[PDB]
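Form solved without this ligand, single chain, as structure tokens, below.
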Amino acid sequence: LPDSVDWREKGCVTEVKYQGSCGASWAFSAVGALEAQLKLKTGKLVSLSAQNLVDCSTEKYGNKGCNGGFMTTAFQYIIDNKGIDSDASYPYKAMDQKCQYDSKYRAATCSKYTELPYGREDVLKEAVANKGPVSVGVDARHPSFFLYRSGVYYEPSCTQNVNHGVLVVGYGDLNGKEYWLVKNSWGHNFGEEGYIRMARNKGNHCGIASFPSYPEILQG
């Protein structure tokens, strides 16, 4: 295991997106994870369509578009559907729409997904290092999360119950403060150009290791 990981250094992470007034964090978290796999497997980095997920991964997957959902079942949709469109072809409108999936513009598939054990920050570290970015939920409801600018985020009021989907794109230790490098979907003016470093190995802080999952694209 490397001491630090940052998947942006390997070109596996697309630009930070802006979810706006639609509670579709689950979709951004899922596409973020698959984007990294697509790049790993083909060398091409392309933004995948969060909107495709909002419109099409619905009641069969327990998802409710702009009213929330789950990364795991998002990946199952991609599996069942044999594909997801590129963001460019199926752009993001921050509102529920009719499903307009078009196989003509399918940019990625998903073979399977893996859910990691609850609260196991060691296992999360291993997956981030050896597999790629991991979809996770965090407890982001606290005012300190909204005001986060820099440093390593630690909120004594955080719980292990999650309420916002994000993407772990790495980890490190900022001068004696261990962190997870997290890509949010609140645009580049949140945190450090859209990213937040969140406390690592402090008892599953903000439930970051509560419900992790990552997709895979298998080659035979």
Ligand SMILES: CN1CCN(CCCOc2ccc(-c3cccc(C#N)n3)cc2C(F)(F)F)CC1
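In this text, residue numbers run from 1 along the sequence as written.
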Mean C-alpha B-factor comparison - 53-61 and 37-45, higher one: 37-45
Out of 133-141 and 104-112, which one has CA B-factors that are higher on average in the deposited record? 104-112
Looking at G32, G176, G170, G69, which has the highest Cα B-factor in the entry? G176
What third of its chain, lowest, middle or highest, does the C-alpha temperature factor of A74 fall into? lowest
Quick tally, chain-level thirds of C-alpha B-factors: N204 sits in the middle
According to the PDB entry, is the CA B factor of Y154 in the bottom, middle or top third of its chain, that is, lowest, middle or highest? highest
Chain thirds by Cα B factor, record data; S210 belongs to the lowest
CA B-factor placement of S25, once the chain's modelled residues are sorted into thirds: lowest
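Separately, the form solved in complex with this ligand exists; it is not shown, and the next lines address it.
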In the deposited complex, which of the listed residues (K93, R149, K112, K82) lies with a heavy atom within 4.5 Å of this ligand? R149
Check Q19, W186 and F190: does every one of them have a heavy atom within 4.5 Å of this ligand in the deposited complex? yes
Region of this chain that lies against this ligand in the deposited complex, out of 141-149, 104-112, 82-90, 123-131 [heavy atom, 4.5 Å]: 141-149
Taking heavy atoms and a 4.5 Å limit, what residues of 120-142 are near this ligand in the deposited complex? none
